[PDB]
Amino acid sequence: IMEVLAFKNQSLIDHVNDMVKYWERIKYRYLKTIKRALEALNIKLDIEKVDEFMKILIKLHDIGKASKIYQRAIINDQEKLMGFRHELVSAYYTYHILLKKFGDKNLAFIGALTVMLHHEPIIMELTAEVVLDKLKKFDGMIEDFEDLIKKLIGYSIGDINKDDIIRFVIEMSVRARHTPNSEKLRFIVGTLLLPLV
């Protein structure tokens, strides 16, 4: 009742905490691979940094669910998503939060892109039009939002609107369509993706 939900049954906070706890149990199987993948994009992070980075993707990849529309659709089977895609809104917050925490535009981009693509099956179109389709019904985050982020990541999205998210996502989808990297970009995003699920 009245909680920011991941699923009808589950609060998003509880769901995130379960994914994080589970990350601790497997991370040492994945950390080296992720570190060296980042290193093939000339991004240099030690093992503990890579861990923090992964925890943020874990915590934020479904933050888009705190959209009022998403929350409505979970509680009520009269309200429908209407093409709304939470991950685009997740990608937006992930990017700004990564940029703050690590001060590396490429890392924040790659993290946000992973989050923007966390629903495509592993080893994974991007027109401005489609962005507009997938954000059409976006009508802001829930009221508790700022507090929710604090609970999740420990600070304030105050300290760092719909059309702003549209602009960001379009700008993202483009710079991602354009890379020759493709086979590699798919492998790096593909690499960060596995641990998420």
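Numbering starts at 1 and follows the sequence shown.
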Unresolved deposited residues in the interval that joins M124 and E125: 4 to 9
Residues with no coordinates between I160 and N161, taken from the deposited sequence as a class: 4 to 9
Mean temperature factor over C-alpha atoms, higher-scoring stretch between 87 to 95 and 115 to 123: 115 to 123
Mean temperature factor over C-alpha atoms, higher-scoring stretch between 136 to 144 and 49 to 57: 136 to 144
C-alpha B-factor winner, where the candidates are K44, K27, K65, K150: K150
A37 by Cα B-factor - lowest, middle or highest third of the modelled chain: middle
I110 by Cα B-factor - lowest, middle or highest third of the modelled chain: lowest
Relative C-alpha B-factor of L5, binned into the chain's lowest, middle or highest third: middle
Record-listed C-alpha B factor of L192: chain third: lowest
